[PDB]
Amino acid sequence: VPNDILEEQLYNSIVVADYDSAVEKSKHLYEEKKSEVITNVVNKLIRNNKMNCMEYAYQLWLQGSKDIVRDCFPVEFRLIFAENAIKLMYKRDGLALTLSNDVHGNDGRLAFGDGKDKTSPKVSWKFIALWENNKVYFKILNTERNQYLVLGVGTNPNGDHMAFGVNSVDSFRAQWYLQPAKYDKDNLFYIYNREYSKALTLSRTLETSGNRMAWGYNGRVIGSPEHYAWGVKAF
């Protein structure tokens, strides 16, 4: 079977969310030195912002094909599924996500993009995957505080939810799903909340410190990864 047909068949299995079929087809390709077909499929999934690319990577990771994730995907997939300490860098502003020191009552610590620190232990996070009902979700754990990223129930006048770090994962407010995207050579992700299906963003409003508060944004983000998406960098 020609490579373009193998590409087609692999890509369709992922888009319909038959991950076991996608894993099986991938294993065959990778054994037969046709990593070009897998890489081409991943690149297409990302061009097309297909969320199912995350589940595909995760099932390869779980089903004994971590080598395929390492070798055929942007480095970010490795970083996510290996639970590497990473930095979450907002493409628009080049700021690292962090948590405040003081605890804002039952809300937890405030999440924000730090105006200055893009490098200390405060800006380290890890993604912790879980599978449910044919989807992969993530808890996003701050390394220093052992607190999880969450949206609060409250909203501003736009219907945006504030983001916080809290002690445990008690509800879908503390779980997230990812959608891949591209800007130039950089692979990015929209990061959506499971409870409210809003994208994690940084405020356009600057604090005098240069900090920007983090919010679950009530608005359109797709098509504008350079405004609303996140890079994942090795810490």
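Start at 1 with the first residue shown and count on from there.
Looking only at CA atoms, which has the higher mean B factor in the entry: 62-70 or 181-189?
That would be 181-189.
86-94 set against 136-144, stretch whose average Cα temperature factor tops the other in the entry
Comparing averages over the C-alpha atoms only gives 86-94.
Tell me which of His161, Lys116, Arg109, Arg78 tops the list for C-alpha B factor in the record.
The record points to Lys116.
Could you tell me which one of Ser35, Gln175, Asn49, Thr205 shows the highest CA temperature factor in the PDB record?
Result of the comparison over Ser35, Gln175, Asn49, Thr205: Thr205.
When the deposited Cα B-factors of this chain's modelled residues are ordered and cut into thirds, is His28 in the lowest, the middle or the highest one?
Its C-alpha B-factor belongs to the highest third of this chain's values.
Taking the values exactly as deposited, rank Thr39 by C-alpha B-factor within its chain and report the matching third: lowest, middle or highest.
According to the entry, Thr39 has a C-alpha B-factor in the chain's lowest third.
What third of its chain's C-alpha B-factors does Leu130 belong to: lowest, middle or highest?
Its C-alpha B-factor, which the entry lists for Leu130, ranks in the middle third among residues of this chain.
CA B-factor placement of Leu149, once the chain's modelled residues are sorted into thirds:
Answer is lowest: the recorded C-alpha B-factor places it there.
Consider only the C-alpha atoms of the modelled residues in this chain, order them by B-factor as the entry records it, and name the third containing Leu10: lowest, middle or highest.
It belongs to the lowest third of the chain when residues are ordered by C-alpha B-factor.
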